[PDB]
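Next up is one chain by itself, shown in structure tokens, the form deposited in one PDB entry.
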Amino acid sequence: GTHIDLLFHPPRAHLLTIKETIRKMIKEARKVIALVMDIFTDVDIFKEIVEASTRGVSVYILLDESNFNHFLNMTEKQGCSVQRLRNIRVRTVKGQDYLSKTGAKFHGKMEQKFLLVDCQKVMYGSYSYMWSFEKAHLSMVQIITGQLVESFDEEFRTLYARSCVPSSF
């Protein structure tokens, strides 16, 4: 009782692109959108999320900490003050703490990406929400429904508990 379809970019034998499928999933949202992403600079996908929040959908976004200022800079160039949108909460996640060869203290990255809508459908895979994934790279995603979606819901809650308010805010 889990069903899975594969999609690719550039696209193969499927009618929609990965980016067009992400837009559809967000337009179809009725209650909640949960997103985990490493880099998010795509203006078209951002515009779909803001529209959903204006309809009354609760939006929770978890971003890799090292790359967060790329997202904030895009939203400001769009004229948007994302801080002011009450139906959206944006928080950052760090990787492990570690010591380098020279003894300095750094943290790694959250290498995770997925989109979870209404606790019933997930898109999971290697596509990041930036221009390079449209024009330069090969990538793939799964569209997932059924019992496995509950395991993504539990992982989202665990990451939300770990996450912090962004330091730039």
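Definition used throughout: the rigid core is the maximal C-alpha set that superposes within 1.5 Å between two forms. The numbering used is simple: start at 1 and walk along the sequence shown.
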**Fill in**
By Cα RMS to this form in 8 other deposited structures of this protein after fitting the core, the stretch ranking higher of 137 to 145 and 106 to 114 is 106 to 114
**Prompt:** Can you tell me whether residue 100 lacks a model in a third or more of the other compared entries?
**Reply:** yes
**Asked** Which has the higher mean CA temperature factor in the PDB entry, 33 to 41 or 105 to 113?
**Response** 105 to 113
**Asked** Would 96 to 104 or 24 to 32 have the larger average of its C-alpha temperature factors, as given in the entry?
**Response** 96 to 104
**Request:** Could you look up the Cα B-factor of residue 157 in the entry and say which third of the chain it sits in: lowest, middle or highest?
**Result:** middle
**Message:** Based on the deposited C-alpha B factors for this chain, I'd like to know if residue 131 is in the lowest, middle or highest third.
**Reply:** highest
**Asked** Lowest, middle or highest third of the chain for the C-alpha temperature factor of residue 15?
**Response** highest
**Fill in**
Chain-relative C-alpha B factor for residue 67 (record values, thirds): the highest
**Request:** Determine, from the deposited record, the chain-internal third of the Cα B-factor for residue 142: lowest, middle or highest.
**Result:** lowest
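Not pictured, yet referred to below: the form solved in complex with a small molecule.
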**Any non-hydrogen atom of residue 60 within 4.5 angstroms of the small molecule in the bound PDB entry** = yes
**Message:** Residue-level question: is residue 33 within 4.5 Å of the small molecule in the bound PDB entry, judged on heavy atoms?
**Reply:** yes
**Item:** 4.5 Å heavy atom contact, residue 117 and the small molecule in the bound PDB entry
**Value:** yes
